[PDB]
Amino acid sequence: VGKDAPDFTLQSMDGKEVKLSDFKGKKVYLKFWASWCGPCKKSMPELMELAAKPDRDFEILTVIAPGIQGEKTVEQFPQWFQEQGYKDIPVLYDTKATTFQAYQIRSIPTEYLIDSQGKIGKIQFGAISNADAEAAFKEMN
């Protein structure tokens, strides 16, 4: 069966504590990215579309590593995010890159699509469309 997605507990951009296993019972779209990464930014508008879809049986979570490998500090990131026109996308602060390491992230953007019991259903390097994601989740429990 699917390998367990490594658990994490991270602070979000808006100050919430977010723990992956608290989402058991719901599917999860998990995206690792960075503000300096062009293909990452390219993918954000479509992810905002997806977030606006009301009938989702999955939650969207994205993860950056502030102050690490060129990423903005937590002091500067939220302002930068809003000034790009980005909205309605959760961003978690992987302060010690520990989550990136646990997911063996060696390239970005990378998406992990996780089923309702916390198992990894799909790993995608680079781009994945909304229809691609929706199709993958339709085959997961």
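Numbering starts at 1 and follows the sequence shown.
- Stretches compared: 82-90, 53-61. Higher mean C-alpha B-factor in the entry: 53-61.
- Stretches 68-76 and 41-49 differ in mean C-alpha B factor, with the higher average recorded for 68-76.
- Per the PDB record, residue ranking by Cα B-factor puts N130 in the lowest third of the chain.
- Looking at the C-alpha B-factors along this chain, the one for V18 belongs to the middle third.
- When all modelled residues of the chain are sorted by CA temperature factor, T99 is found within the middle third.
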